[PDB]
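Engineer: Quick one: the structure is below, and I'll ask about it shortly.
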Amino acid sequence: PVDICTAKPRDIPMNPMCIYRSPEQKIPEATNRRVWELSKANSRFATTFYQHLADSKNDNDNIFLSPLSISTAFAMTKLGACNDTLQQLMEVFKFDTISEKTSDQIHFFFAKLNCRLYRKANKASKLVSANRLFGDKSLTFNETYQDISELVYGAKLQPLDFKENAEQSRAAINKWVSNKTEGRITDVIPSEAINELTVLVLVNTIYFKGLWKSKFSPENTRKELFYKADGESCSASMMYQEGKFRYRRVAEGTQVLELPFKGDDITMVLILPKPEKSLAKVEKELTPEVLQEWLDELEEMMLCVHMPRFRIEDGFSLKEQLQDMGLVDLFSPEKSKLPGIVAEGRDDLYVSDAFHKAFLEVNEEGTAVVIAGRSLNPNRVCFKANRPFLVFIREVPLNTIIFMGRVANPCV
Amino acid sequence: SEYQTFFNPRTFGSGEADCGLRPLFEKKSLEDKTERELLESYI
Amino acid sequence: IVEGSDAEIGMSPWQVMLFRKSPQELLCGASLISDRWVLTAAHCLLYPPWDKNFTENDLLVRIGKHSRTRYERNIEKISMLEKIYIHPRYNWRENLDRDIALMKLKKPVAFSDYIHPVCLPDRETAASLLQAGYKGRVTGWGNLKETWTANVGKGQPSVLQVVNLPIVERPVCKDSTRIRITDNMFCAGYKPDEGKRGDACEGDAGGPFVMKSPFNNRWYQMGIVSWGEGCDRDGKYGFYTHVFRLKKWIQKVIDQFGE
Ligand SMILES: COC[C@H]1O[C@@H](O[C@H]2[C@H](OC)[C@@H](OC)[C@@H](O[C@H]3[C@H](OC)[C@@H](OC)[C@H](O[C@H]4[C@H](OS(=O)(=O)O)[C@@H](OS(=O)(=O)O)[C@@H](O[C@H]5[C@H](OC)[C@@H](OC)[C@H](O[C@H]6[C@H](OC)[C@@H](OS(=O)(=O)O)[C@@H](OC)O[C@@H]6COS(=O)(=O)O)O[C@H]5C(=O)O)O[C@@H]4COS(=O)(=O)O)O[C@@H]3C(=O)O)O[C@@H]2COS(=O)(=O)[O-])[C@H](OC)[C@@H](OC)[C@@H]1O[C@H]1O[C@H](COC)[C@@H](O[C@@H]2O[C@H](COC)[C@@H](O[C@H]3O[C@H](COC)[C@@H](O[C@@H]4O[C@H](COC)[C@@H](O[C@H]5O[C@H](COC)[C@@H](O[C@@H]6O[C@H](COC)[C@@H](O[C@H]7O[C@H](COS(=O)(=O)[O-])[C@@H](O[C@@H]8O[C@H](COS(=O)(=O)[O-])[C@@H](O[C@H]9O[C@H](COS(=O)(=O)O)[C@@H](O[C@H]%10O[C@H](COS(=O)(=O)O)[C@@H](OS(=O)(=O)O)[C@H](OS(=O)(=O)O)[C@H]%10OS(=O)(=O)O)[C@H](OS(=O)(=O)O)[C@H]9OS(=O)(=O)O)[C@H](OS(=O)(=O)[O-])[C@H]8OS(=O)(=O)[O-])[C@H](OC)[C@H]7OC)[C@H](OC)[C@H]6OC)[C@H](OC)[C@H]5OC)[C@H](OC)[C@H]4OC)[C@H](OC)[C@H]3OC)[C@H](OC)[C@H]2OC)[C@H](OC)[C@H]1OC
Ligand SMILES: *[C@@H]1O[C@H](CO)[C@@H](O[C@@H]2O[C@H](CO)[C@@H](O[C@@H]3O[C@H](CO[C@H]4O[C@H](CO)[C@@H](O)[C@H](O)[C@@H]4O)[C@@H](O)[C@H](O[C@H]4O[C@H](CO)[C@@H](O)[C@H](O)[C@@H]4O)[C@@H]3O)[C@H](O)[C@H]2NC(C)=O)[C@H](O)[C@H]1NC(C)=O
Ligand SMILES: *[C@@H]1O[C@H](CO)[C@@H](O[C@@H]2O[C@H](CO)[C@@H](O[C@@H]3O[C@H](CO)[C@@H](O)[C@H](O)[C@@H]3O)[C@H](O)[C@H]2NC(C)=O)[C@H](O)[C@H]1NC(C)=O
Ligand SMILES: *[C@H]1O[C@H](CO[C@@H]2O[C@@H](C)[C@@H](O)[C@@H](O)[C@@H]2O)[C@@H](O[C@@H]2O[C@H](CO)[C@@H](O)[C@H](O)[C@H]2NC(C)=O)[C@H](O)[C@H]1NC(C)=O
Ligand SMILES: *[C@H]1O[C@H](CO)[C@@H](O)[C@H](O)[C@H]1NC(C)=O
């Protein structure tokens, strides 16, 4: 058997059909440098992408996505891309910065990055996903590309009958995503998004619910108002607890909190601006550089946390955003170049759409209820998220942004 | 007559023999404001 | 202590105040059972979830104190610790079952009208006094009420507080909480339809829950303030480590390590 999580680049040949060439922080412990430069590229992508997404939604809309899952998905098209289609992919996803070798086997190193993240979150936490590319059956796909796809992406491109059965193919895709995630993620693809001209569709969905390292007791949960950005109140279920947490009050009174999941390797980071400063302002003024700086400066202390329990199920087409960021030729029937995906003959292949959907569930649990005693451990500070705040889910050592979002409305 | 030791004074130290008798109370025939409140509760 | 009163001078001569050396801070309460041993709660020194692990050198005790901050010259006595012993099967991972610890002073402390050891129960004394309805006395310098905001130095008493509470039936204790209870604990406190109230709070852990013997008229420590959910919440009770039920381990540590 071939273990991609232990195997090395040479163990199995999987070079792309085309390659590309364009004209400090300490490296984490026990980490491959290429997986690391890859993780840093995704963070640069997440910044630009989140920005476009926010400036396309309503300040009062929640957001939740996995830039990591998106970058991985488009690294699979990159595998068979050439010319301007490939260049655009590289520049938009920030792959045009990393080194040659990392760039050429990017799909492989993404598997490597993912292997590491999958086994860390599932130790105790809940991290399931369902990713796949679907092509119209009338086409003849490159078998070598298939073998590489199944090895490095979990599954190979799935042929469907879009020309004669668009709705049924639509239903099969939603049913398949739902199956792979035990009913957690449904209706990834909205009706109308798939018709008889569909040829290739990208689908990447991800779910999570980590077991809190220190959970909230339900008996301390109660309704309380939550002040949304528009100006309206809102009855939300506010959880509460006291414990030791990494905290920090930064510039302009913005508060940063880190709530770790069991294991400590994966944590949630909350950014809460002062009642005066809008979330939108922090969304624009924040970069990976400043975030890493805040995360570096956090101090551990006893404090109280008031946090609403919430649910965010955000799904959407990636097409418009990405084109707006410069990924154009990939979605164009006339200009697209993805020779590596199809067998030899002559291809007019291009991506019809790309869909993402991520689901985050947060409650008291995240088995015996724990208690801590009556010793004197005063709350130094108190973090009350009764207004819009940002959310990040990351892998500590590598600082990999796994999920990112905004809780603009938790109530009903 | 009333209290029988349990630990060996060698490793326990002094004071067990006279444990429980407050210098400013029992030993001075005095009671505190609410110890009566305790005896009442004793069925 | 919630809903208590300023204890009288010398009312609790075995009360011990437990401090972390540096930075200095009041951690818990504790009791004097001899001139060299002090008993307290285990979670006051060891609690891995908060990276809390205090050892002999990080600790210090002040004995015979009344006021919480004013230095009481010629009355109170400070003592360092030679060694501390945590019950090996203390369950910090869930319910604080067997929440008990022993501490040996560097040098024996001298008794006075203000410093005096309390008695540990024997099977008989523990069988006749440990009955539901019967009241015991809890004491300490813990907070005066539950809080939900930043609270460093808030709600603290200027002098030792005291309150008397009635032992509750094991059936009622178990149904007041979803935290797996054990025979090594027992709960005290007034039921909702009793009107009166009171309880131990943050800072009282390790303190003694004592009872006066109607037999020999001596005070006995039956419990150790251990845990609760909030402080003095309606329909909830305070939990205490059952001292007698752990006397076997106490003896095991003493005539093995006080040598
Ligand atoms: C290593 O690995 C690591 C990692 O890794 C990773 O990976 C990564 C890495 O990392 C490293 C990194 O690095 C850095 C990276 O790598 C990488 C590298 O680097 C970076 C690189 O380099 C750079 C590489 O590279 C390569 C490549 O590849 S790639 O991929 O990259 O590609 C290759 O490739 S190929 O393909 O080719 O091949 C190559 O490459 C190269 C080449 O060639 C050369 C070349 O060619 C030429 C190339 O070149 C190139 C260039 O470049 C150069 C380029 O350039 S550019 O610019 O472009 O770039 C170009 O140029 C032009 O090109 C060229 C060419 O190319 S081609 O392709 O074409 O060809 O290239 C080059 C390069 O460079 O690249 O080559 C290279 C190089 O190579 S080299 O080689 O040379 O280098 O790569 C690499 C890789 O990749 O790899 O990175 C990586 C990755 O990353 S990522 O991120 O990516 O992923 C990995 O991953 C992968 C990972 O993963 C996988 C890893 O990691 C992993 O893994 C690892 C490893 O593994 C192996 C690991 O690690 C590990 O780890 C581990 C862990 O850690 C953590 C470790 O381990 C260690 O350590 C650890 C830690 O330490 C610290 C440890 O652990 C530990 O352990 C310990 C131990 O354990 C064992 C522990 O400990 C703890 O614990 C323990 C335990 O456990 C379990 C403990 O111990 C213990 O102890 C105990 C105690 O003691 C004290 C014991 O026990 C015993 O004894 C005891 C005592 O005794 S005496 O005698 O003394 O006494 C005992 O006890 C006792 O008992 C008794 C009895 O009992 S019983 O029960 O039994 O019977 C008692 O007694 C008492 O009791 C009682 C009570 O009971 S109960 O139970 O019931 O309670 C009693 O009784 C009574 O009571 C009862 C009851 O009652 S009621 O009512 O209450 O219920 C009763 O019963 S019944 O039934 O009835 O009920 C009874 O009755 S009867 O009838 O029955 O009789 C009663 O009786 S009575 O008479 O009384 O009536 C009692 O009484 S009381 O009252 O008093 O109580 C008692 O008495 S009596 O007699 O009476 O009976 C006791 O008690 S007391 O009181 O007395 O005392 C007891 O005692 S005590 O005191 O105890 O308590 C017991 O039992 C008997 C016995 O038995 C058991 C035991 O035994 C002895 C012991 O055991 C031991 C201890 O102590 C304590 C503790 O502490 C210490 C610990 O803890 C925890 C732990 O810690 C943790 C361990 O172990 C040790 C160790 O081991 C050794 C390890 O080791 C160290 C490690 O290893 C390492 C890790 O981790 C894991 C993982 O994960 C992470
Ligand atoms: C079906 O899908 C598979 C999977 O991707 C594709 O396979 C890849 O195809 C590309 C070319 O189309 C391969 O890339 C080529 O590899 C050659 C490697 O040979 C040796 O290279 C050096 C020799 O110095 C050795 O280190 C190495 O071990 C090999 O012995 C290169 O020589 C080729 O050079 C290319 O140069 C320029 C790029 O700068 C190109 O424009 C040229 O056309 C020329 O190809 C090139 O790098 C790749 O290795 C294949 N990988 C796999 C897994 O087989 C299929 O192409 C695709 N086919 C269809 C029908 O779509
Ligand atoms: C995702 O797909 C899997 C299978 O592709 C679904 O699991 C299947 O669940 C059905 C019942 O819902 C099981 O039916 C039983 O099959 C056995 C044959 O092995 C038969 O003898 C019984 O009479 C019964 O019909 C089926 O075994 C099981 N498949 C297996 C073996 O894993 C799953 O329900 C799907 N998830 C969703 C809801 O999308
Ligand atoms: C909790 O922490 C204390 C302190 O541990 C520190 O690191 C240890 C490796 C040791 O070098 C200590 O001196 C340091 O203060 C633990 O106390 C020591 O624990 C080790 C192993 O558990 C033991 O061998 C030593 O004898 C202890 N102290 C001494 C004299 O060194 C304590 O055990 C820890 N307990 C828990 C629950 O984590
Ligand atoms: C892609 O198109 C360019 C444009 O002329 C061409 O030069 C290049 O060789 C093509 N790449 C391949 C081999 O598919």
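Ligands are numbered from 1 in the order shown, residues from 1 within each chain, and chains are lettered A, B, ... in the order they appear in the structure tokens.
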For chain B against chain C, which residues fall within 7 Å using only C-alpha atoms, given as a list in words?
Structural biologist: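 Residues satisfying the distance criterion: residues 2, 7, 10, 11, 12, 13, 14, 15, 16, 19, 20, 21, 22, 23, 24, 38, 41 and 42 of chain B.
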Engineer: If you count only C-alpha atoms and all ligand atoms, which residues end up within 7 Å of ligand 1, as a PyMOL selection string?
Structural biologist: (chain A and resi 5-6+8-11+29-35+99-102+112-113+116) or (chain C and resi 88-89+246+248-249+252)
Engineer: Name each residue within 10 Å of ligand 2, counting only C-alpha atoms and all ligand atoms, as an mmCIF file with C-alpha atoms, in the first residue's frame.
Structural biologist:
```cif
data_model
loop_
_atom_site.group_PDB
_atom_site.id
_atom_site.type_symbol
_atom_site.label_atom_id
_atom_site.label_comp_id
_atom_site.auth_asym_id
_atom_site.auth_seq_id
_atom_site.Cartn_x
_atom_site.Cartn_y
_atom_site.Cartn_z
ATOM 1 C CA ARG A 10 10.058 10.191 -5.492
ATOM 2 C CA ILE A 12 5.604 7.883 -6.775
ATOM 3 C CA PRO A 13 5.944 10.020 -9.939
ATOM 4 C CA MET A 14 3.148 12.554 -10.222
ATOM 5 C CA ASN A 15 4.402 15.616 -12.099
ATOM 6 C CA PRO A 16 1.875 17.950 -13.782
ATOM 7 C CA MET A 17 1.485 18.280 -17.561
ATOM 8 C CA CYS A 18 2.784 21.847 -17.367
ATOM 9 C CA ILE A 19 4.844 23.773 -14.819
ATOM 10 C CA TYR A 20 5.206 27.461 -14.059
ATOM 11 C CA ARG A 21 7.976 29.952 -13.286
ATOM 12 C CA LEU A 79 -2.497 19.784 -11.864
ATOM 13 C CA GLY A 80 -3.797 19.760 -15.430
ATOM 14 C CA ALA A 81 -3.620 23.457 -16.298
ATOM 15 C CA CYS A 82 -1.364 25.138 -18.875
ATOM 16 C CA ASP A 104 5.572 21.529 -9.148
ATOM 17 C CA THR A 140 -12.633 10.935 -21.763
ATOM 18 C CA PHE A 141 -10.498 11.761 -18.742
ATOM 19 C CA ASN A 142 -6.751 11.237 -18.384
ATOM 20 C CA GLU A 143 -6.238 8.029 -16.424
ATOM 21 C CA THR A 144 -2.861 9.171 -15.092
ATOM 22 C CA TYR A 145 -4.551 12.294 -13.700
ATOM 23 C CA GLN A 146 -7.172 10.047 -12.133
ATOM 24 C CA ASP A 147 -4.595 7.849 -10.381
ATOM 25 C CA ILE A 148 -2.868 10.925 -8.989
ATOM 26 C CA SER A 149 -6.146 12.532 -7.966
ATOM 27 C CA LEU A 338 -6.918 22.078 -18.837
ATOM 28 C CA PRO A 339 -5.302 19.496 -21.188
ATOM 29 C CA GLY A 340 -3.987 17.323 -18.385
ATOM 30 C CA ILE A 341 -7.460 16.474 -17.141
ATOM 31 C CA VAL A 342 -8.693 15.075 -20.437
ATOM 32 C CA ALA A 343 -7.279 12.216 -22.482
ATOM 33 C CA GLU A 344 -5.932 12.867 -25.952
ATOM 34 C CA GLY A 345 -8.466 13.933 -28.556
ATOM 35 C CA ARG A 346 -9.274 17.643 -28.312
ATOM 36 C CA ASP A 347 -10.802 19.361 -25.308
#
```
Engineer: Taking only C-alpha atoms into account and nothing else, which residues of chain A lie no more than 10 Å away from chain C? Please answer as a PyMOL selection string.
Structural biologist: chain A and resi 213-214+217+219-220+240-245+300-306+367-384
Engineer: Let me see if you get this right: every residue at most 12 Å from ligand 3, counting only C-alpha atoms and all ligand atoms, written as an NGL selection string.
Structural biologist: :A and (130 or 171-186)
Engineer: Can you write just those residues out, N, CA, C and O atoms, as a PDB file, in the first residue's frame?
Structural biologist:
```pdb
ATOM      1  N   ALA A 130     -15.935  16.466   2.497  1.00  0.00           N
ATOM      2  CA  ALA A 130     -16.360  15.761   1.292  1.00  0.00           C
ATOM      3  C   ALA A 130     -15.962  16.589   0.075  1.00  0.00           C
ATOM      4  O   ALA A 130     -16.635  17.553  -0.275  1.00  0.00           O
ATOM      5  N   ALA A 171     -28.882  16.100  -7.778  1.00  0.00           N
ATOM      6  CA  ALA A 171     -29.331  15.355  -6.605  1.00  0.00           C
ATOM      7  C   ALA A 171     -28.287  14.337  -6.165  1.00  0.00           C
ATOM      8  O   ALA A 171     -28.069  14.137  -4.974  1.00  0.00           O
ATOM      9  N   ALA A 172     -27.629  13.694  -7.117  1.00  0.00           N
ATOM     10  CA  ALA A 172     -26.628  12.714  -6.752  1.00  0.00           C
ATOM     11  C   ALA A 172     -25.477  13.414  -6.028  1.00  0.00           C
ATOM     12  O   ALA A 172     -24.951  12.895  -5.039  1.00  0.00           O
ATOM     13  N   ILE A 173     -25.091  14.595  -6.505  1.00  0.00           N
ATOM     14  CA  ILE A 173     -24.018  15.334  -5.857  1.00  0.00           C
ATOM     15  C   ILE A 173     -24.389  15.757  -4.426  1.00  0.00           C
ATOM     16  O   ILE A 173     -23.589  15.601  -3.513  1.00  0.00           O
ATOM     17  N   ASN A 174     -25.594  16.294  -4.230  1.00  0.00           N
ATOM     18  CA  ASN A 174     -26.002  16.717  -2.894  1.00  0.00           C
ATOM     19  C   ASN A 174     -26.138  15.500  -1.980  1.00  0.00           C
ATOM     20  O   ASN A 174     -25.724  15.527  -0.819  1.00  0.00           O
ATOM     21  N   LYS A 175     -26.706  14.425  -2.508  1.00  0.00           N
ATOM     22  CA  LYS A 175     -26.867  13.199  -1.733  1.00  0.00           C
ATOM     23  C   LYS A 175     -25.488  12.630  -1.347  1.00  0.00           C
ATOM     24  O   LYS A 175     -25.301  12.137  -0.235  1.00  0.00           O
ATOM     25  N   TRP A 176     -24.525  12.714  -2.263  1.00  0.00           N
ATOM     26  CA  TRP A 176     -23.183  12.195  -2.018  1.00  0.00           C
ATOM     27  C   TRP A 176     -22.429  13.002  -0.974  1.00  0.00           C
ATOM     28  O   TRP A 176     -21.686  12.443  -0.173  1.00  0.00           O
ATOM     29  N   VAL A 177     -22.593  14.319  -1.000  1.00  0.00           N
ATOM     30  CA  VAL A 177     -21.939  15.177  -0.021  1.00  0.00           C
ATOM     31  C   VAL A 177     -22.579  14.892   1.338  1.00  0.00           C
ATOM     32  O   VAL A 177     -21.887  14.713   2.339  1.00  0.00           O
ATOM     33  N   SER A 178     -23.906  14.826   1.354  1.00  0.00           N
ATOM     34  CA  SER A 178     -24.651  14.561   2.577  1.00  0.00           C
ATOM     35  C   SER A 178     -24.277  13.209   3.185  1.00  0.00           C
ATOM     36  O   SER A 178     -24.188  13.065   4.396  1.00  0.00           O
ATOM     37  N   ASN A 179     -24.066  12.218   2.332  1.00  0.00           N
ATOM     38  CA  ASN A 179     -23.693  10.889   2.788  1.00  0.00           C
ATOM     39  C   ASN A 179     -22.330  10.930   3.487  1.00  0.00           C
ATOM     40  O   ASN A 179     -22.174  10.461   4.608  1.00  0.00           O
ATOM     41  N   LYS A 180     -21.348  11.509   2.808  1.00  0.00           N
ATOM     42  CA  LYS A 180     -19.995  11.612   3.321  1.00  0.00           C
ATOM     43  C   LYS A 180     -19.858  12.444   4.599  1.00  0.00           C
ATOM     44  O   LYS A 180     -18.832  12.375   5.267  1.00  0.00           O
ATOM     45  N   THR A 181     -20.879  13.228   4.946  1.00  0.00           N
ATOM     46  CA  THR A 181     -20.812  14.061   6.148  1.00  0.00           C
ATOM     47  C   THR A 181     -21.941  13.761   7.133  1.00  0.00           C
ATOM     48  O   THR A 181     -22.262  14.581   7.997  1.00  0.00           O
ATOM     49  N   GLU A 182     -22.550  12.588   6.990  1.00  0.00           N
ATOM     50  CA  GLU A 182     -23.641  12.167   7.865  1.00  0.00           C
ATOM     51  C   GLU A 182     -24.739  13.216   8.054  1.00  0.00           C
ATOM     52  O   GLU A 182     -25.073  13.585   9.184  1.00  0.00           O
ATOM     53  N   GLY A 183     -25.291  13.697   6.945  1.00  0.00           N
ATOM     54  CA  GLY A 183     -26.368  14.672   7.006  1.00  0.00           C
ATOM     55  C   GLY A 183     -26.034  16.059   7.509  1.00  0.00           C
ATOM     56  O   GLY A 183     -26.916  16.914   7.602  1.00  0.00           O
ATOM     57  N   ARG A 184     -24.768  16.294   7.831  1.00  0.00           N
ATOM     58  CA  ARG A 184     -24.336  17.594   8.330  1.00  0.00           C
ATOM     59  C   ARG A 184     -24.381  18.719   7.291  1.00  0.00           C
ATOM     60  O   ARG A 184     -24.799  19.834   7.602  1.00  0.00           O
ATOM     61  N   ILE A 185     -23.929  18.440   6.071  1.00  0.00           N
ATOM     62  CA  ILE A 185     -23.933  19.450   5.019  1.00  0.00           C
ATOM     63  C   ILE A 185     -24.869  19.034   3.905  1.00  0.00           C
ATOM     64  O   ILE A 185     -24.660  18.002   3.256  1.00  0.00           O
ATOM     65  N   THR A 186     -25.898  19.845   3.683  1.00  0.00           N
ATOM     66  CA  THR A 186     -26.884  19.542   2.660  1.00  0.00           C
ATOM     67  C   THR A 186     -27.043  20.666   1.638  1.00  0.00           C
ATOM     68  O   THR A 186     -26.732  21.820   1.914  1.00  0.00           O
TER      69      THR A 186
END
```
Engineer: Give me every strand (DSSP E) residue in region 97-267 of chain A, going by DSSP on the backbone, as a PyMOL selection string.
Structural biologist: chain A and resi 126-136+158-160+200-209+222-225+235-249+255-260+266-267
Engineer: Kindly save the residues from that selection, with N, CA and C atoms included, as a short mmCIF file (atom, residue, chain, number, x, y, z; two decimals), in the first residue's frame.
Structural biologist:
```
data_model
loop_
_atom_site.label_atom_id
_atom_site.label_comp_id
_atom_site.auth_asym_id
_atom_site.auth_seq_id
_atom_site.Cartn_x
_atom_site.Cartn_y
_atom_site.Cartn_z
N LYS A 126 -14.07 17.10 15.96
CA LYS A 126 -14.80 16.63 14.78
C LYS A 126 -14.43 17.36 13.49
N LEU A 127 -13.65 16.70 12.63
CA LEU A 127 -13.25 17.31 11.35
C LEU A 127 -13.48 16.45 10.09
N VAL A 128 -14.72 16.39 9.62
CA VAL A 128 -15.06 15.61 8.42
C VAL A 128 -15.20 16.49 7.18
N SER A 129 -14.93 15.93 6.00
CA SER A 129 -15.05 16.69 4.76
C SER A 129 -15.47 15.82 3.56
N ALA A 130 -15.93 16.47 2.50
CA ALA A 130 -16.36 15.76 1.29
C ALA A 130 -15.96 16.59 0.08
N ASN A 131 -14.87 16.22 -0.57
CA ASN A 131 -14.42 16.99 -1.72
C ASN A 131 -14.38 16.14 -2.97
N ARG A 132 -14.64 16.77 -4.10
CA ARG A 132 -14.64 16.05 -5.36
C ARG A 132 -14.89 16.95 -6.54
N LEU A 133 -14.47 16.46 -7.70
CA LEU A 133 -14.65 17.14 -8.98
C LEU A 133 -15.56 16.21 -9.77
N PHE A 134 -16.52 16.78 -10.48
CA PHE A 134 -17.44 15.98 -11.27
C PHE A 134 -17.37 16.42 -12.73
N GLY A 135 -17.24 15.46 -13.64
CA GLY A 135 -17.17 15.80 -15.05
C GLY A 135 -18.28 15.12 -15.82
N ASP A 136 -18.64 15.68 -16.98
CA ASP A 136 -19.69 15.06 -17.78
C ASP A 136 -19.12 13.76 -18.34
N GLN A 158 -15.23 12.33 -10.75
CA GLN A 158 -16.43 11.52 -10.93
C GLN A 158 -17.30 11.91 -12.12
N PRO A 159 -17.39 11.02 -13.12
CA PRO A 159 -18.20 11.25 -14.33
C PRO A 159 -19.70 11.23 -14.01
N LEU A 160 -20.44 12.19 -14.55
CA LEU A 160 -21.89 12.25 -14.35
C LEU A 160 -22.56 12.63 -15.66
N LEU A 200 -17.72 20.49 -15.98
CA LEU A 200 -16.86 20.20 -14.83
C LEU A 200 -17.27 21.06 -13.65
N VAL A 201 -17.44 20.42 -12.50
CA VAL A 201 -17.85 21.10 -11.28
C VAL A 201 -16.95 20.75 -10.10
N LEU A 202 -16.52 21.77 -9.36
CA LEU A 202 -15.71 21.53 -8.18
C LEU A 202 -16.63 21.64 -6.97
N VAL A 203 -16.43 20.75 -6.01
CA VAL A 203 -17.23 20.73 -4.81
C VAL A 203 -16.36 20.42 -3.59
N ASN A 204 -16.24 21.36 -2.67
CA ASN A 204 -15.46 21.10 -1.47
C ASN A 204 -16.22 21.60 -0.25
N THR A 205 -16.58 20.65 0.61
CA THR A 205 -17.34 20.92 1.82
C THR A 205 -16.59 20.42 3.03
N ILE A 206 -16.75 21.09 4.16
CA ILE A 206 -16.05 20.70 5.37
C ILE A 206 -16.88 21.01 6.62
N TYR A 207 -16.80 20.13 7.61
CA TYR A 207 -17.56 20.26 8.86
C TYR A 207 -16.62 20.18 10.08
N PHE A 208 -16.99 20.83 11.18
CA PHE A 208 -16.17 20.81 12.40
C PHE A 208 -16.95 21.12 13.67
N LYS A 209 -16.53 20.49 14.76
CA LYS A 209 -17.12 20.67 16.10
C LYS A 209 -16.08 20.02 17.02
N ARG A 222 -27.76 31.36 29.45
CA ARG A 222 -29.03 32.07 29.52
C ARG A 222 -29.19 33.04 28.37
N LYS A 223 -30.42 33.45 28.14
CA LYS A 223 -30.71 34.40 27.08
C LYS A 223 -30.19 35.76 27.51
N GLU A 224 -29.72 36.52 26.53
CA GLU A 224 -29.18 37.84 26.77
C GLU A 224 -29.21 38.52 25.41
N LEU A 225 -29.26 39.84 25.41
CA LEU A 225 -29.28 40.56 24.15
C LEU A 225 -27.91 40.52 23.48
N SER A 235 -32.14 38.33 20.89
CA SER A 235 -32.05 37.41 22.02
C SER A 235 -31.20 36.19 21.68
N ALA A 236 -30.04 36.10 22.31
CA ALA A 236 -29.13 35.00 22.06
C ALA A 236 -28.85 34.19 23.32
N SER A 237 -28.42 32.94 23.14
CA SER A 237 -28.09 32.08 24.27
C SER A 237 -26.62 32.33 24.58
N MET A 238 -26.36 32.94 25.72
CA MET A 238 -25.01 33.28 26.11
C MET A 238 -24.42 32.25 27.06
N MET A 239 -23.29 31.65 26.68
CA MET A 239 -22.62 30.68 27.53
C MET A 239 -21.63 31.45 28.38
N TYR A 240 -21.22 30.86 29.50
CA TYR A 240 -20.29 31.53 30.39
C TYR A 240 -19.36 30.56 31.12
N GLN A 241 -18.15 31.02 31.40
CA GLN A 241 -17.20 30.21 32.16
C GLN A 241 -15.99 31.03 32.60
N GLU A 242 -15.24 30.46 33.53
CA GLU A 242 -14.05 31.07 34.05
C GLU A 242 -13.01 30.00 33.85
N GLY A 243 -11.79 30.40 33.53
CA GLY A 243 -10.74 29.44 33.33
C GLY A 243 -9.48 30.16 32.92
N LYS A 244 -8.45 29.40 32.58
CA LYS A 244 -7.19 29.99 32.15
C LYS A 244 -7.21 30.00 30.63
N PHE A 245 -6.96 31.15 30.04
CA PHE A 245 -7.00 31.28 28.59
C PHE A 245 -5.95 32.27 28.14
N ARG A 246 -5.51 32.14 26.90
CA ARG A 246 -4.53 33.07 26.35
C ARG A 246 -5.37 34.27 25.91
N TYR A 247 -5.07 35.44 26.46
CA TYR A 247 -5.83 36.66 26.16
C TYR A 247 -4.93 37.86 25.89
N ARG A 248 -5.51 38.92 25.33
CA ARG A 248 -4.77 40.13 25.04
C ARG A 248 -5.65 41.28 24.57
N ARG A 249 -5.49 42.46 25.15
CA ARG A 249 -6.26 43.60 24.67
C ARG A 249 -5.26 44.36 23.80
N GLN A 255 -10.23 43.12 21.68
CA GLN A 255 -9.85 42.00 22.53
C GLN A 255 -9.66 40.72 21.73
N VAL A 256 -8.59 39.99 22.05
CA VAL A 256 -8.26 38.73 21.39
C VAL A 256 -8.31 37.59 22.39
N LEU A 257 -9.01 36.52 22.04
CA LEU A 257 -9.13 35.38 22.94
C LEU A 257 -8.91 34.09 22.19
N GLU A 258 -8.27 33.13 22.84
CA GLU A 258 -8.03 31.85 22.23
C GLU A 258 -8.63 30.74 23.09
N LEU A 259 -9.59 30.00 22.53
CA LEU A 259 -10.20 28.90 23.25
C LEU A 259 -9.72 27.61 22.60
N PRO A 260 -8.83 26.88 23.28
CA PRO A 260 -8.33 25.64 22.69
C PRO A 260 -9.26 24.44 22.77
N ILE A 266 -5.24 22.43 18.00
CA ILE A 266 -6.22 23.18 17.22
C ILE A 266 -6.99 24.09 18.18
N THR A 267 -7.05 25.38 17.86
CA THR A 267 -7.76 26.30 18.72
C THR A 267 -8.66 27.27 17.95
#
```
